[PDB]
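Please read the structure below before turning to the comments.
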Amino acid sequence: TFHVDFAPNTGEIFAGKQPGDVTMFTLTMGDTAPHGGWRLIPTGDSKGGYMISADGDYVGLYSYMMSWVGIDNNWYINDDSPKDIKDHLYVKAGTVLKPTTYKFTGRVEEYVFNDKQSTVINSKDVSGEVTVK
């Protein structure tokens, strides 16, 4: 019922100063069963909303669909609906990328609301690696 697909850009990205926004990873989340929302928690070396290169450089990522809350270490979206949500984790135009492989690790959490509080009903560890030349 609950499902999470997470994946590197299936395309090819090349290094240098990116002339447009570019998606590093796609993030798709959905459940028909009832629910209030979704959050992505960047774990490990990714804490803070980063991907990390094979060389050790940390590059910030943005979410198309979700709001970023620094003090909690998560992105979140409130959404009552049965449709897969498709989000892109991307870098902004102007971001300098290197010829290397970038890694992101996180945890997606599905929750439900109860008038005052939210409560986690499913959870999945996501992980991926995207290469550039």
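Just so it is clear, none of the values below were taken in a lab; they were calculated from the coordinates. Heads up, the Cβs are rebuilt from the backbone with ideal geometry, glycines too, and the neighbour counts pull from every protein chain shown.
FRET efficiency for the pair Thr101 and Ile121, taken as 1/(1 + (r/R0)^6) with r the Cβ-Cβ distance and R0 = 22 Å, rounds to 0.05. Extension gain, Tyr62 to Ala7: 0.36 nm times the residue separation minus the Cα-Cα distance gives 18.3 nm.
Going from the residue with the fewest nearby Cβ atoms within 10 Å to the one with the most, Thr32, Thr26 rank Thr32, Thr26. Considering only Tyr76, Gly56, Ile41, and ranking their Cα positions along the charge dipole of the chain that arises from unit charges at the beta-carbon of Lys, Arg, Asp and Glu, the one farthest toward the positive end is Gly56. Spatially, the stretch 96-133 and the stretch 1-57 are offset by 6 Å when compared through their Cα centroids. Here the chain yields Rg over Rh of 0.99, to two decimals, using C-alpha coordinates and the Kirkwood radius.
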